Structures are given as C-alpha cells and as structure tokens.
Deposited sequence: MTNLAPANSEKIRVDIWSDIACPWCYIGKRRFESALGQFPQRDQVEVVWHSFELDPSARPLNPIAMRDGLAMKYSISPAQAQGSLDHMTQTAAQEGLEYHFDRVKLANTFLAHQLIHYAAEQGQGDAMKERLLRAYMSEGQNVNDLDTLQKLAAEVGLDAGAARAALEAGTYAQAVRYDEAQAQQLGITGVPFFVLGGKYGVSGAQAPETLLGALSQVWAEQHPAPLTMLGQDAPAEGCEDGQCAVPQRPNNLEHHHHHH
C-alpha cells in the first residue's frame, strides 16, 4: 500500500531544486501523500569535474553549451526567475563550481539516519543560494550539523569514503536506465518523468499509480482452481 518515488538529482543542477519544489507541491495536493516513499539517488552532471573550478558559473555554462556569455547569462536569469516562483532565491554570481561526489556521499550518510531529504535540501540551498563550496569537508560537516546529524560521524564517514561506492552504484543505475539528465522521477518502479515538470504532471502520475494499485473491485458472478497461498 505504498508508492515509491525514486529521484535522480545533482546538487549542481538548478533544475533539481526547482523540481524538488514542484514535486513537493504535487505531494501536498495528493490525498494519499502519506503512502509515498521518496528515495533520492545520486547523479553527477560531471563526475570528472575538478574539486573546485574557480570560474564564474556563467562562464562555465558558456563553455559547456558553446554559447555567448550573454546567452549563458540569459539562461541563468531564466532559471533564477523560475526558481523565485518556487520560493527559491538563487545567487548564481556566488556559485562555487564544485565536484559534488562528496556531497552525494553525505546525502547517503544522512539517509541512513532517515534525513536524506533534509540533507539534499540543505545542500541545494548551500550550492544555489549561499555560495558554499560543497566539495569542502569543513563546509559539508557544518551542513550536516545544521541538518541535525552527528557532525563528527558524518565527517568521519566522508573522510573514509564509506558511501563512495553507494554513490557510484546510483549513477550506474541511472546510466543503465538511460537517464542522461536531471531531475528524473521514477514512480512505482514503472513510470518515468524527465525534467522538472509541472506539479500537475507529477500529481497526475502519483494519482495514476495509486489508481492502478487500487482498482475498483469487480462484481463477482456466482469446478476448481489453483490458488497460491
């Protein structure tokens, strides 16, 4: 009697924060919201990224998509305004272009304490709005503390690379599934929703899945059978 939602996401993707808000709006409108299980999965836009790339986000975007810095800025402006409608105040001018592998590990650590979503949320805010470097261990330990985790233990887990493999397995699974962009939603292990779609769309998917798991009872009409006990 549960609905599983698997979400692949990168901390470095502004559409993932937008998508998280839109999914949260859909969940709020969904009558059976208490039956929904959300599982975040690791995705790295660029697994081979430098620990910290010193350049401005605008310039990194320009290089990535081979567009003018003016066009890249227009893309940043678009995402900024779109995010504001979700109650997100982005500051792309402060963004630190960090490798997110360790941050994804922290989310895995947090999820074992049952705080995966809060850790994900904290990291998205730290990256998109607060100009924090999510590759930096001090920073990650601090964010873990703010979420209410054992900050000493979290940092120990990060330095040990305890969840490094769990993160790579997440990314492999996305690759196997053909997920090449984020956010990506999987509902009931069957349905896929690509990108940060409208709450109405995600609500529709939730509703469709619930409906399929709870079909109308048949009218039984009044010499044996094989039953599985």
So, counting the deposited sequence from position 1, which segments are absent from the coordinates? 1 to 9, 232 to 240, 248 to 260
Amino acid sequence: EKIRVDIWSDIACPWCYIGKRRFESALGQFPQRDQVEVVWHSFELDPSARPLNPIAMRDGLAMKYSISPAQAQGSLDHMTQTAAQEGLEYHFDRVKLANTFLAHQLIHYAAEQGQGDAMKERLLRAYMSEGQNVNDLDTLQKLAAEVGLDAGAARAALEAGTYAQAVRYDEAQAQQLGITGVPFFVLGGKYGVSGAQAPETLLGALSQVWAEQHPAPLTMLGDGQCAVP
From here on, numbers count along this sequence of modelled residues.
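In this text, the rigid core denotes the largest set of C-alpha atoms whose superposition between the two forms falls within 1.5 Å.
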Between 101 to 109 and 68 to 76, larger RMS Cα displacement in 5 other deposited structures of this protein after core fit: 68 to 76
Per the PDB entry, mean CA B-factor is higher for 152 to 160 or 137 to 145, namely for 152 to 160
On mean Cα temperature factor in this entry, is 11 to 19 or 205 to 213 the higher one? 205 to 213
For the listed residues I179, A56, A26, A196, which one has the largest C-alpha B-factor as given in the deposited model? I179
For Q71, does the deposited CA B-factor place it in the lowest, middle or highest third of the chain? highest
Here the Cα B-factor of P47, set against its chain, lands in the third termed highest
So where's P183 on the chain's Cα temperature factor ranking, which third? lowest
Hey, what third does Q132 fall into on Cα B-factor, ranked over its chain? lowest
Chain thirds of CA B-factor: placement of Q113: highest
